[PDB]
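Novice: Please find the sequence and an experimentally derived structure below.
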Amino acid sequence: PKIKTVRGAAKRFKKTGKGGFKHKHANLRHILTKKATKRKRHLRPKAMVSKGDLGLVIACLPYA
Amino acid sequence: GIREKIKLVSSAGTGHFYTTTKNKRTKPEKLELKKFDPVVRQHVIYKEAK
Amino acid sequence: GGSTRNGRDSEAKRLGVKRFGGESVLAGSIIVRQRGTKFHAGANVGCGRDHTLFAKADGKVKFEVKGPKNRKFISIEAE
Amino acid sequence: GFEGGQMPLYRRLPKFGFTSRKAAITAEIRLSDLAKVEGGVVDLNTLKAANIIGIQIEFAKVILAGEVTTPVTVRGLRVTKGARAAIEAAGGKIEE
RNA sequence: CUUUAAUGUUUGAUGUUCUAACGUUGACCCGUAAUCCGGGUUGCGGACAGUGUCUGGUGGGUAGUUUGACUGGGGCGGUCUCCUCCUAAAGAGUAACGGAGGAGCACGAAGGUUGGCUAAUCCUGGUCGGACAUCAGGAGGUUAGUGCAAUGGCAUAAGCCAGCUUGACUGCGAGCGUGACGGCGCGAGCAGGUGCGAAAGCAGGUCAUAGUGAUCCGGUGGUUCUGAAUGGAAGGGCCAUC
RNA sequence: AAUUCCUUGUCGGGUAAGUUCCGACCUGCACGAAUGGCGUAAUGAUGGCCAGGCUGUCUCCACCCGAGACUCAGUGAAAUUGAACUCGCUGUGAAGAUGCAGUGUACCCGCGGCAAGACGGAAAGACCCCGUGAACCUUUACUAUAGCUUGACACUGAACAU
RNA sequence: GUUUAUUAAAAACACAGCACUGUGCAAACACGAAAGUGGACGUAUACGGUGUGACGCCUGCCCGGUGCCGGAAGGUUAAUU
RNA sequence: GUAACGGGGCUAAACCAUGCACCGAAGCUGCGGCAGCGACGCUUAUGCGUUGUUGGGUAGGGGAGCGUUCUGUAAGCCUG
RNA sequence: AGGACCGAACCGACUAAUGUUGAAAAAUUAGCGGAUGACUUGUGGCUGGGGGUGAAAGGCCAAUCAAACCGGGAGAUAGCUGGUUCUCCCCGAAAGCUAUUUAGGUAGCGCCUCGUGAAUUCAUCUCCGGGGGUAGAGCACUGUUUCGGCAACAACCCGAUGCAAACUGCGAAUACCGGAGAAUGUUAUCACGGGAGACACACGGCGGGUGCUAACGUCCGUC
RNA sequence: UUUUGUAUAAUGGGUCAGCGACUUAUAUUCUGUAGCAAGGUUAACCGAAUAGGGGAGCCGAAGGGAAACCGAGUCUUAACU
Ligand SMILES: [Mg+2]
Ligand SMILES: [Mg+2]
Ligand SMILES: [Mg+2]
Ligand SMILES: [Mg+2]
Ligand SMILES: [Mg+2]
Ligand SMILES: [Mg+2]
Ligand SMILES: [Mg+2]
Ligand SMILES: [Mg+2]
Ligand SMILES: [Mg+2]
Ligand SMILES: [Mg+2]
Ligand SMILES: [Mg+2]
Ligand SMILES: [Mg+2]
Ligand SMILES: [Mg+2]
Ligand SMILES: [Mg+2]
Ligand SMILES: [Mg+2]
Ligand SMILES: [Mg+2]
Ligand SMILES: [Mg+2]
Ligand SMILES: [Mg+2]
Ligand SMILES: [Mg+2]
Ligand SMILES: [Mg+2]
Ligand SMILES: [Mg+2]
Ligand SMILES: [Mg+2]
Ligand SMILES: [Mg+2]
Ligand SMILES: [Mg+2]
Ligand SMILES: [Mg+2]
Ligand SMILES: [Mg+2]
Ligand SMILES: [Mg+2]
Ligand SMILES: [Mg+2]
Ligand SMILES: [Mg+2]
Ligand SMILES: [Mg+2]
Ligand SMILES: [Mg+2]
Ligand SMILES: [Mg+2]
Ligand SMILES: [Mg+2]
Ligand SMILES: [Mg+2]
Ligand SMILES: [Mg+2]
Ligand SMILES: [Mg+2]
Ligand SMILES: [Mg+2]
Ligand SMILES: [Mg+2]
């Protein structure tokens, strides 16, 4: 039977030009009043997984 | 804690705002002190601080 | 008892010993707290908030000792 | 995804949603195609019947893929100033 | 037509009564030389009780489950995240229910800049001045002072005083350090705009290292990004934020 | 004390000698009045203690009569069992040796008998802990619910008064 | 008198006796989605539930907590409109 | 049960210093043979000569094979 | 008369021995209690499993009971234990860090194997460039100690003497980082990808915490 | 077999013969191999049934952006840095 993709992960990762998956950064939707405006600025631009967790997403997102 | 949170709205019609805290007790008056909101691309006064 | 606990890594130390390739702006010497364990000097300085010996324009590292009663001082000569 | 007991990764990183509902019908044609549409006028459809776009499709972009040679006329389709370029030269006309 | 009473309505209630639903485990008749059941008459009752749906309460009577880990067995006790020093063998890093302490904040100034300033302690002299307030001189030299632990650091002071102030700005960021990862940290320089200085210049918060909570689900404000026939809208996205 | 921890409490009785027993004291670790208090004739295959009688219970075993055991003929099991050419001591060793090292003793094989060892046979230890195991049980653990209850709308109608 | 058939016969259970409490009969209660039935062809000198356990002498003080019985003035409060 | 050199037994068969000899392993060498990889001497499906080197192995990875039943090749071939 | 008395039938089980691969999956023998009663027994009937029944032991409900027996869901689930079968050749681990309702499980990284790429990558040695506060030592500092001294018994101070994981006005060996160069090494090195296993380690040497500088003790670093 | 470690006095087997455990279906990804190649390949079905027809559709030659959209670029930002 056609493998079922991990619905969840498919809402946090986006396969790039190549393997790369492109993802959103954590710590940017809660308790920000007490956070470096530089930290958040360096948090807005979303940017892929680390090859160490990569093999844990291409097994979660079969049809990516 | 006690140090309540506070938001600094732009004096300009713009909706952009800043965020910080302040001791509601000790200092009664509300904080006003200017800043720079990207929208107007210009520095300006910022009010509202309990 | 009532004894235990302890901080963590906080590494802190020299990461650019002696003349190095010294990139456009390597680390050089973290050792936080240190304002005087190592001082800023020459074609490198910075001395960030956490007193991290910055290291400006790329090049060999020096590591000296001058005026104000000895004092370490880290500077970088160009290769 | 079960990374031991600790919270996973597809559960540790936020989720950025919102989906097309328009791209599924917004196609992308290529220079190689064009004249490949058998004859002139690269119409809104035709490409479809030319097994190169797909029924549901409602919109499409010319875009440069390579070929062009034979002068052609695209009808009812979008095009890049880098594609409308590589075509008018090799002969052609844009709908609009 | 606006402020105010009687009639009729409609309408809630309270209180009496009635009979006609409904009850009858009162009597009698018939099916039937049946205590069941049904139908009929009568009596008592009567819109009550009772049942259906909805709803508040009670509900170990019953049912499904949970009730942490480390631990010199387990339990009791203690501990669980973060910061400081030692153990840690002169780069980094390291264990124990090893030895010691701290944090879950504070500050619109205790932040920025500019101008200026420099302690503890003791000696001698001086009204009330007392071991020790304040004044004078000498000695002395980071033994003081850092908003709070400890360590490192501080005179070019990061210590202290005052003037003007909002750089505790916004968008980015060469290149690094540190992590298995999520992530955290340092950062010159660029663009737009600021403050202080005559100027070079400094400022993207506090001498630095603790002072914190991923995700989800939602809340608020902005935006013409999306908007299930079209226009809108609800909802969704993006940015800020709780 | 079916309650007393200290505890063989202290004193009296019983005995040559009494951590038990009986009678008292009261300092009740922590009795107490219907999850009854203190008594009580009778009853008890009920708990404790004492005496007479009795005795092989014992000092301390002896003899005897029978059923096995032993021999012969017939029939004819069992658990257990990696393989056996299956000795002692001292030491070594996964730490308690028939099997390793040293050494000692010993011709080959049965039969009756005894149980010190084969950590002998027997039950995947019930003790202990462990498993994000189970089941029954309890409650002011949670979350649900039968039942018991409340009101509302129905089945449910008519008059008069306030 | 009863009991752990197969390690416990007992001081345990039961018992006559005592008390509290429920129940007006279509009883309380109980079996049963219901009809119906047991209680009882009884009817408060009866029936259920609970604790105590012949008999003798007795059975003290505490209602704050929980439960149960009574009260309604007020506060809070569901569906509903 | 000697059982505090393994034993016998040793007055040097103990101990110290100096020196030569010998015993001693699956180590090193010698000879014969095997396979992975490299070099050169020939040789060019290359494949050999020499020659250098490598070949303890659990979890486990990799690479080569054997044998069994069945289908094609089986009207073939073997078989009283 | 009597839940009266002694005692057979009959009902029952208090003691002991023998039995325990039994004559028997609870009996035999010698004794023991009840024996007109809440007695005992024949035949048949009715209660059904979260249910019955119970003078109450969780006792009984067909040698079965803190939820019977049979069939079905059913190959429940088992991070646990066991078991896992022919041959030759090459390479060859780990018992660690981090997180974990995690601790005898698992995931990322580390370490193995196979493949594809890449450069004086990598390694040893010599030389050159670095930071070092450990060993040792010392006692100005921070504490701690002795003996003198000048001091209304004793502070400071001077001199002489020791001690320190959390003292340092000193300070190695050496380990580590970088640069240069020769030689040797079947690219040992790095990166990407296919396959893993392993996260119980033990002893011995060295530096240590803990313990008694006790343990075949325990916990780190390192070979 | 299990272990840091077993002659172990730790597990298992009295012996023999036969049987006894990494399969199967679909989806997906690598390696090897073959076909074709900026193209490759059909499914159900028709069927003259392993042919041939069927190109519905799937994968690839374009990506970036949440998206509208732009496109060898494109998001980010007022911004060419
Ligand atoms: Mg098509
Ligand atoms: Mg329960
Ligand atoms: Mg369940
Ligand atoms: Mg535990
Ligand atoms: Mg270090
Ligand atoms: Mg500070
Ligand atoms: Mg007495
Ligand atoms: Mg009592
Ligand atoms: Mg009383
Ligand atoms: Mg022995
Ligand atoms: Mg015997
Ligand atoms: Mg045994
Ligand atoms: Mg067991
Ligand atoms: Mg009796
Ligand atoms: Mg019994
Ligand atoms: Mg008995
Ligand atoms: Mg009683
Ligand atoms: Mg009593
Ligand atoms: Mg020789
Ligand atoms: Mg030899
Ligand atoms: Mg080998
Ligand atoms: Mg009698
Ligand atoms: Mg008998
Ligand atoms: Mg009798
Ligand atoms: Mg019968
Ligand atoms: Mg039975
Ligand atoms: Mg099932
Ligand atoms: Mg099974
Ligand atoms: Mg957790
Ligand atoms: Mg020392
Ligand atoms: Mg070191
Ligand atoms: Mg583990
Ligand atoms: Mg471990
Ligand atoms: Mg270890
Ligand atoms: Mg050990
Ligand atoms: Mg063991
Ligand atoms: Mg054995
Ligand atoms: Mg066999």
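Specialist: Great, that's in hand. Numbers count the residues shown, from 1 in each chain, chains lettered A, B, ... in the order given. Ligands and ions are numbered 1, 2, ... in the order given.
Novice: who in chain D is up against RNA strand E?
Specialist: Selection of chain D residues close to RNA strand E by Cβ under 7 Å from any atom of the strand yields D:3, D:6-7, D:9, D:11-18, D:21-22. Where you see a C-beta, it was placed from the backbone N, CA and C, and this is true even at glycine.
Novice: I'd assumed residue A:55 was in a helix, is it?
Specialist: Yes - applying DSSP: H, G, I helix; E, B strand; the rest coil, one finds residue A:55 inside a helix.
Novice: neighbours around it, how many?
Specialist: Residue A:55: 10 surrounding residues under other Cβ atoms under 10 Å in any protein chain shown.
Novice: Same question for residue D:88.
Specialist: The tally of other residues near residue D:88 (other Cβ under 10 Å) stands at 13.
Novice: With residue C:4 instead?
Specialist: 5.
Novice: where does it fall, phi/psi-wise?
Specialist: Main-chain dihedrals, residue C:4, degrees, to the nearest 10: phi 170, psi -140.
Novice: same thing with residue A:41?
Specialist: Note on residue A:41: its backbone torsions stand at phi -60, psi -40 [degrees, to the nearest 10].
Novice: For it, which residues are in contact?
Specialist: Residue A:41 is in contact with no residue at all, counting by Cβ atoms under 8 Å, 6 or more residues apart in numbering or on different chains.
Novice: Please report the distance of it from chain D.
Specialist: According to Cβ to the nearest Cβ, to the nearest Å, residue A:41 stands 17 Å off from chain D.
Novice: and what of residue C:47?
Specialist: Distance of residue C:47 to chain D, computed by Cβ to the nearest Cβ: 36 Å.
Novice: now do residue B:2
Specialist: Relative to chain D, residue B:2 is positioned 31 Å away (Cβ to the nearest Cβ).
Novice: What is the burial count for that residue?
Specialist: Neighbours of residue B:2 (other Cβ under 10 Å): 8.
Novice: Within range of RNA strand E, give me the residues from chain B.
Specialist: B:1-3, B:5-6, B:15, B:17-23, B:26-27, B:31, B:33-36, B:38, B:41-43.
Novice: Write a ChimeraX command that selects only the buried members of the residues you listed.
Specialist: Burial among the residues of chain B next to RNA strand E is assessed by 16 or more other Cβ atoms under 10 Å in any protein chain shown; the matching ChimeraX selection reads:
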select /B:6,18,21,22
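Novice: Filter the residues of chain B next to RNA strand E down to the ones in strands?
Specialist: Counting by DSSP state E, the part of these found in strands is B:5-6, B:17-21, B:35-36, B:42-43.
Novice: Okay, the residue nearest the centre of chain C and residue A:32: tell me how far apart.
Specialist: Central residue of chain C (Cα atoms, centre = their mean): residue C:29, 2.6 Å from the mean position. As for residue C:29, its distance to residue A:32 is 33 Å (criterion: Cβ to Cβ, to the nearest Å).
Novice: try residue C:20
Specialist: As defined by Cβ to Cβ, residue C:20 lies at a distance of 39 Å from residue A:32.
Novice: same question, residue C:38
Specialist: 35 Å.
Novice: quick one, which of those two is more surrounded?
Specialist: When neighbours are counted by other Cβ under 10 Å, residue C:38 comes out ahead of the other of residue C:38 and residue A:32, with 21 against 14.
Novice: wait, the more buried one sits on residue C:72?
Specialist: Yes - contact criterion Cβ atoms under 8 Å: residue C:38 and residue C:72 qualify, at 4.7 Å.
Novice: Identify the contacts common to these two.
Specialist: By Cβ under 8 Å, 6+ apart, residue C:38 and residue C:72 have no common neighbours.
Novice: of all the residues of chain D next to RNA strand E, which two lie farthest apart?
Specialist: Across the residues of chain D next to RNA strand E, no pair lies farther apart than D:6 and D:22, at 39.2 Å, counting by Cβ to Cβ.
Novice: Tell me the buried residues in stretch D:18-26?
Specialist: Per 16+ other Cβ under 10 Å, stretch D:18-26 contains no buried residues.
Novice: would you list every one of the helices in chain C?
Specialist: When assigned using DSSP state H, chain C turns out to have no helices.
Novice: Spell out which parts of it neighbour RNA strand I.
Specialist: Within chain C, the positions adjacent to RNA strand I are C:14, C:17-21, C:37, C:63, C:72 by Cβ under 7 Å from any atom of the strand.
Novice: 6 Å instead?
Specialist: C:14, C:17-20, C:63, C:72 (Cβ under 6 Å from any atom of the strand).
Novice: again, but for chain A
Specialist: By the rule Cβ under 6 Å from any atom of the strand, the part of chain A lying against RNA strand I is A:51-52, A:54-56.
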